[PDB]
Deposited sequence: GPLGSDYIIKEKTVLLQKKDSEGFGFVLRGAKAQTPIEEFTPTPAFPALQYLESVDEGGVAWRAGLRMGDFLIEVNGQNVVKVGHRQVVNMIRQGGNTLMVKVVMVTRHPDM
């Protein structure tokens, strides 16, 4: 609008269940930190393997990572988030948000 940017925010929570001999099929990248509607989290999905576990569940390149296995990771550093994802083994529940600007 004339007073500022408008967005659509689409929240997606998915359960990823993978096999031992595969990844979840995404690459995390990291963008004090205060979240904003346009910029909701430090970590986001730089890429998602088409047809991989994450892709099939509905995750997409550009999604911002909000939660991992019930823990909010909006303000959490890259290495820490990766370690939290690995703690779950072959199971990962994540919440992401897709921002259209």
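Novice: Missing C-alpha stretches, by deposited numbering?
Specialist: No C-alpha for residues 32 to 38, 109 to 112.
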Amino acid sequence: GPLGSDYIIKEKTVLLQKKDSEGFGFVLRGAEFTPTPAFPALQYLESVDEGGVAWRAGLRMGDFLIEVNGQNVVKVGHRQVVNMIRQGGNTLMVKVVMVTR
From here on, numbers count along this sequence of modelled residues.
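The term rigid core refers to the maximal set of C-alpha atoms that superpose within 1.5 Å between the two forms.
Novice: Going by root mean square C-alpha distance after a core fit, say whether 63 to 71 or 32 to 40 is farther from the shown form in 5 other deposited structures of this protein.
Specialist: Looking at 63 to 71 versus 32 to 40 in 5 other deposited structures of this protein, the farther one turns out to be 32 to 40.
Novice: Comparing average C-alpha B factors as deposited, tell me which of 33 to 41 and 48 to 56 sits higher.
Specialist: Higher mean C-alpha B-factor: 33 to 41.
Novice: Out of 3 to 11 and 91 to 99, which stretch has the higher average CA B-factor listed in the record?
Specialist: Of 91 to 99 and 3 to 11, the stretch with the higher C-alpha B-factor average is 3 to 11.
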